[PDB]
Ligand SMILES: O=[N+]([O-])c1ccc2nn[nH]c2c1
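We begin with a single chain expressed as structure tokens, specifically the form solved without ligand 6NT.
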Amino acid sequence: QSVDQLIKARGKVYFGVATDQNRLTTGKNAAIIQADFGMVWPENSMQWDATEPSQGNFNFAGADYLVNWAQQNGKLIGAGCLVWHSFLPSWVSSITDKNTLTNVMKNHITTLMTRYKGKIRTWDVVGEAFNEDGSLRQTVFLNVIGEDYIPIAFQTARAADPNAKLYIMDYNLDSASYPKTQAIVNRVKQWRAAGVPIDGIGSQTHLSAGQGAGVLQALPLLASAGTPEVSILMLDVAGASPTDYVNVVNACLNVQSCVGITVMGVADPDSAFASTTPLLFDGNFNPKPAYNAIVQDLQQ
């Protein structure tokens, strides 16, 4: 049974998954995505180091394949991350002029978003901008441009494709008493009051065993920032306990503005954390107990 169809029946937009070309051509990934998921994200093919490995010169072969596949199969598309220190090529992190880096960042955003204009439901514009104590992470963008880089990125993105929902995303937003959770709420409220077009907060939900329960309180706190949408993305859970997965799903159902959930991958062996077997399908592409528990939870 399709978790995407069932979550849509409960009033949400999608249950999605991250993938890319060589997953769609191997294993049983394409068949599972076709049957069970409503939205696809590029795992790597839209990141900066994959799309702009040298200045002004873009690589789109991998991203084009995924966008075309999604359109042919009637799936929604999410994409990202436009500005994320973890996937920056060296040529960007060696720029020291504020004007130059601003133009480089705007060109990167505008080029990617224009190519797929109108085809992408959600863009992750800025990722992992916060330290664990809630201060802003001292990346090349903060050091060279200053805190204005976040407003600039979102303004540029809105102009490039007004149809897309624009998100900021971060991890370790899984507990309501963790300082980073309240910090992103504080800053997003301030940015939206200044007219910055942040449509969503995406919570990168990479969980250890037993941490699902905390999301029931953290996700409503994230929603208190007043963005139109929030989402769970990059979801995986060490051990893949049904209890942890059901708690995350119910957090989504309890938060009106939470539009859906994206899991990090299909089958355990293709996880970056494969030894923790943290996904919903096993190494033989069989649905795991957590998958069936989600199905039952969505039907009750």
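Counting begins at 1, following the sequence as shown.
The next section is about a form of this same protein that is not shown, the form deposited with ligand 6NT bound.
K.L.:
Would you classify residue 18 as touching ligand 6NT in the bound PDB entry, given a 4.5 Å non-hydrogen atom cut-off?
P.N.:
Yes, residue 18 lies within 4.5 Å of ligand 6NT in the bound PDB entry.
K.L.:
Although ligand 6NT is absent from this view, report whether residue 43 comes within 4.5 Å of it in the bound PDB entry, heavy atoms only.
P.N.:
Residue 43 belongs to the contact set for ligand 6NT.
K.L.:
Does the 4.5 Å heavy atom contact test between residue 233 and ligand 6NT in the bound PDB entry come out positive?
P.N.:
Residue 233: yes, in contact with ligand 6NT in the bound PDB entry.
K.L.:
Please tell me whether any heavy atom belonging to residue 157 falls inside 4.5 Å of a heavy atom of ligand 6NT, as the geometry stands in the bound PDB entry.
P.N.:
So residue 157 does not count as contacting ligand 6NT.
K.L.:
Which of these residues, 32, 264, 240, 267, gets a heavy atom within 4.5 Å of ligand 6NT in the bound PDB entry?
P.N.:
Residue within 4.5 Å of the partner: 264.
K.L.:
Taking 4.5 Å between heavy atoms as the contact cutoff, choose which of 116, 84, 149, 191 touches ligand 6NT in the bound PDB entry.
P.N.:
That would be 84.
K.L.:
Select from 157 to 171 the residues with a non-hydrogen atom within 4.5 Å of ligand 6NT in the bound PDB entry and write them out in sequence order.
P.N.:
Result: 169 alone.
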